[PDB]
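# Output the structure for:
(chains A, B and C)
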Amino acid sequence: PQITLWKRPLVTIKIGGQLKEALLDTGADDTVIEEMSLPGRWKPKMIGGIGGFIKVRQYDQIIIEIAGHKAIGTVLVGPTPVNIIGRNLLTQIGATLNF
Amino acid sequence: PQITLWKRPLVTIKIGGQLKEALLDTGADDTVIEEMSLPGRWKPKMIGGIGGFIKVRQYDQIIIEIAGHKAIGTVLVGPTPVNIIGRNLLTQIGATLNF
Amino acid sequence: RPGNXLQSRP
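Numbering: from 1, shown residues only, chains lettered A, B, ... in the order given. Here you go:
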């Protein structure tokens, strides 16, 4: 699809058998999801952005379906105010910025 | 152009006669620039992100070039870790996400 | 390390 930017680019994702809404964020290195369960081992991480840092759990090799497009990669879980799809998975679905 | 997301989508901007590097950020409502001088009066804004909130100065109707594309619009100034070009100006330059 | 620029208006 072509997504305009008049409003927040929110899409539906499927992750961990659950449906969630997430923001497509070209300004994010990482994909960060609100608290949920995910399979496998994890390790703690600090990630930063506009207001400082939060502590998350890093899970690797997680499959997500983003607006109908499947991708696998690292997913961070923690107290993010918005679910965000970052560049690590945006690349995998073929997303580009065009102007 | 078509900008892929394997690296950060950094571009050169021009504001106040000076060149700066900024991040094209579909996950940002607004444009936020590191401390600098801009003309005119400002208004207060509290903005939020992954780590909480920061206080910024809102300047309106600011002339700014983004990757060579001319825009005139609202610029927030404050302690952002990186210069961010948000949707208020991405829409002025005709940017879309495509996949 | 900061690299996630989500930004939201008030």
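# residues near the residue in chain C that chain B sits nearest to, how many?
In chain C, the residue that lies nearest chain B is residue C:7 (3.6 Å; C-beta to the nearest C-beta). Placement of C-beta: from N, CA and C, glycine included. Using other C-beta atoms under 10 Å in any protein chain shown, residue C:7 is surrounded by 26 other residues.
# cool, and residue A:65?
A total of 14 residues lie near residue A:65 under the criterion other C-beta under 10 Å.
# Do any residues in the longest strand along chain A lie close to chain B?
Across chain A, the longest stretch assigned as strand under DSSP state E is strand A:52-66. Yes: contact of strand A:52-66 with chain B (C-beta under 8 Å from any C-beta of the partner chain) involves A:52-54.
# that older thread, how about the contacts made by the spatially closest residue to the residue of chain C closest to chain B that is not a sequence neighbour?
The shortest distance from residue C:7 to any non-neighbouring residue, by C-beta to C-beta, 6 or more residues apart in numbering or on different chains, is to residue B:28 (3.6 Å). Residue B:28 makes contacts with A:27, B:84-87, C:5-7, as judged by C-beta atoms under 8 Å, 6 or more residues apart in numbering or on different chains.
# ok, the residues you listed vs residue B:67, which is closest?
Nearest to residue B:67 among those is residue B:85, at 9.0 Å by C-beta to C-beta.
# OK, now which residue of chain C is nearest to chain A?
Of all residues in chain C, residue C:2 sits closest to chain A, at 2.9 Å by C-beta to the nearest C-beta.
# Tell me how many other residues crowd the residue nearest to that residue when sequence neighbours are not counted.
For residue C:2, ignoring the flanking residues on the chain, the nearest one in space by C-beta to C-beta, 6+ apart is residue A:48 at 2.9 Å. When neighbours are defined as other C-beta under 10 Å, residue A:48 has 19 of them.
# Equivalent analysis for the one 10 residues further on, please.
By the criterion of other C-beta under 10 Å, residue A:58 has 18 neighbours.
# show me the contacts for it.
Applying C-beta under 8 Å, 6+ apart, the residues contacting residue A:58 are A:42-45, A:74-76.
# circling back to that earlier point, most neighbours, which of the residues of strand A:52-66 next to chain B?
residue A:54 (20 neighbours).
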